[PDB]
Amino acid sequence: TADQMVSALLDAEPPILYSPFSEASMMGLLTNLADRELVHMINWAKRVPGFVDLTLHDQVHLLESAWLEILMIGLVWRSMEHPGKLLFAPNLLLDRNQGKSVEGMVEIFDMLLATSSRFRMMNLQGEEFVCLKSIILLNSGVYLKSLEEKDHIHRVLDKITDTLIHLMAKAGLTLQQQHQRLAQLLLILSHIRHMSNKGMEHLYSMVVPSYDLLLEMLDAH
Amino acid sequence: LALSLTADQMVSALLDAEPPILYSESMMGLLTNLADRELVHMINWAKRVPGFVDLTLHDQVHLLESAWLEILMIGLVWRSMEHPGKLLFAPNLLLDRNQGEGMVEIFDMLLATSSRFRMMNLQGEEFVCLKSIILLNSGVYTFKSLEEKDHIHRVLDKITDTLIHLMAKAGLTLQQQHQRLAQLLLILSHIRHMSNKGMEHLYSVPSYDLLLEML
Ligand SMILES: O=C(c1ccccc1)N1[C@H](c2ccc(OCCN3CCCCC3)cc2)c2ccc(O)cc2CC12CC2
Ligand SMILES: O=C(c1ccccc1)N1[C@H](c2ccc(OCCN3CCCCC3)cc2)c2ccc(O)cc2CC12CC2
């Protein structure tokens, strides 16, 4: 049910990781941190309900599409209550002037600040965050076995929608406010997809976990 | 002022605002020429979206800069819906996957979005609602300024109520309503992905002044 869905997602949540400050080592610090987050992200995805029911190959493809989005929404969430700053790590808090070093970095940095500000204006809750995060993992790459795979992903996404509505109903929101907030939340995902693509372009101008690399982390013994 | 229309009145204003289907006049000169001609009718459609002209001209242009490729794509996806395996760019330009460097990637994504619309039985009054959400939402995060974004979010909220009212009219349960709403808005995230990849593939853009003058 929605309550067991929330609890599983709240319990599957990964930990917050840590990184004279040097501007030149910034991209080094940020790369090392994201490489370590990827490991815990693999563990988190395996505990999202319905994810491991999928074949190993579609699990990789799903993670291949969403990994940057997921890193970004977690960054936006960690930065939600520090206006104007991104909290990459508790010991790595940056403002937009520190992003001016790399070319094309401050544009993505401003889009992440607008999203964190948008979460603030919405007063996003942690139970809603883990729901959106899980939706990113299942929806970003979903567009005979593949018919069965896709129908299962959409059934799980259906359960998460009902979970979102249930948290909104438990919060006392009206039925009209429930539809409106759900729409407001899922519309932010289009912008997160947008940032991930701009960030993907920015990473190639200097990088992506390979299929063979993601499969090793997913395929356990 | 425009936030006073009923859900039925909102549907009718969007249905009456739909642009015409244009015709094609080297396969890529025709796609560019087609897209340039569709852009003018898109501006006139955007002006008839309830609440759009209530924004300043500066913010109207910014919304159109962000959403124009998405709106052309969802319109193409809508036209190709009844044509499996092919995209209907124009009634005299019906292309297949084999007619498509970097083009078959985007072509496949459009074909998959069209097929997703088909098995969802996307309706016309639902489609016109999804197109107005793209126009208002695609640029609201990259902008008095706060009054404008409050207005955009108010109108976006009315379309949500409009979409839910259409699903309720059709006999869907409340649970089926939330699930269909979520399903449709999750496809917008993919259209945005195609527009991004399309923009990179085109780079491999209408100016502010041009959009302003067509307005
Ligand atoms: O610096 C930036 C940034 C911020 C603002 C504007 C432009 C860029 N980023 C950081 C990052 C760094 C490298 C990386 O790719 C590394 C290669 N690759 C090699 C092995 C496989 C996986 C990684 C991905 C993300 C990072 C770190 C932690 C975090 O929580 C989130 C992010 C987000 C982000 C994308 C926005
Ligand atoms: O060909 C393609 C295509 C299709 C499949 C795979 C790859 C590419 N496209 C066509 C197009 C062409 C040029 C253009 O940009 C032209 C510059 N021009 C643009 C504004 C003003 C000045 C610059 C935009 C869109 C087009 C036409 C009509 C339509 O309904 C939809 C589309 C869709 C689309 C993006 C997918």
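In the text below, chain A, chain B and the rest are named by the order of the sequence lines, each starting its count at 1. Ligands are counted one by one from 1 in listed order, and the atoms in each one are counted from 1 as well. Any value given below was found using the heavy atoms of this structure, including those in side chains, with hydrogens, waters and symmetry copies removed.
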May I ask you to check whether B:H58 and B:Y208 place their ring centres under 6.0 Å from each other?
yes
Give the single entry among A:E37, A:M72, A:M200, A:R78 that approaches atom 28 (C) of ligand 1 most closely by any heavy atom.
A:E37
I'd like to check the salt bridge (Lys or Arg N to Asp or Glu O under 4.0 Å) partners of B:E82; sequence neighbours left out, ordered by chain and number.
none
Starting from atom 11 (C) of ligand 2, which protein heavy atom do you reach first, and at what distance in Å?
B:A35 CB, 3.9 Å
Specify the protein heavy atom at minimum distance from atom 23 (C) of ligand 2: its residue, its atom name, and the distance to 0.1 Å.
B:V205 N, 3.5 Å
Taken to the nearest 0.5 Å, the spacing of B:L210 CG from B:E65 CD works out to 10.0 Å
Atoms in ligand 1 flagged as close to A:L38, the criterion being non-hydrogen separation under 4.0 Å
21 (C), 22 (C)
Compute the shortest N/O to N/O distance between A:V207 and ligand 1 and return yes if it is under 3.5 Å, no if not.
yes
NZ/NE/NH1/NH2 to OD/OE distance under 4.0 Å, B:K197 and B:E70
no
With a distance cut-off below 6.0 Å to the six-membered ring centre and an angular limit of 45° from the axis, does A:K133 pair with A:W77 as a cation-pi contact?
no
Which residue and atom name correspond to the protein heavy atom nearest atom 20 (C) of ligand 2, and how close is it?
B:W68 CH2, 3.6 Å
Nearest non-hydrogen contact to atom 8 (C) of ligand 1 from the set A:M111, A:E69, A:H202 belongs to A:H202
Protein heavy-atom partner closest to atom 32 (C) of ligand 2 - residue, atom, separation in Å
B:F89 CE2, 3.6 Å
If the cut-off is 4.0 Å to any non-hydrogen atom of A:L33, which atoms of ligand 1 fall inside it?
28 (C)
Side chain or backbone of A:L68 under 4.0 Å from ligand 1, or both, or neither, by non-hydrogen atoms?
side chain
So, A:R96 and A:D110, do they make that salt bridge, N to O below 4.0 Å?
yes
Using a 4.0 Å cutoff against the non-hydrogen atoms of A:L71, which atoms of ligand 1 qualify?
30 (O), 31 (C)
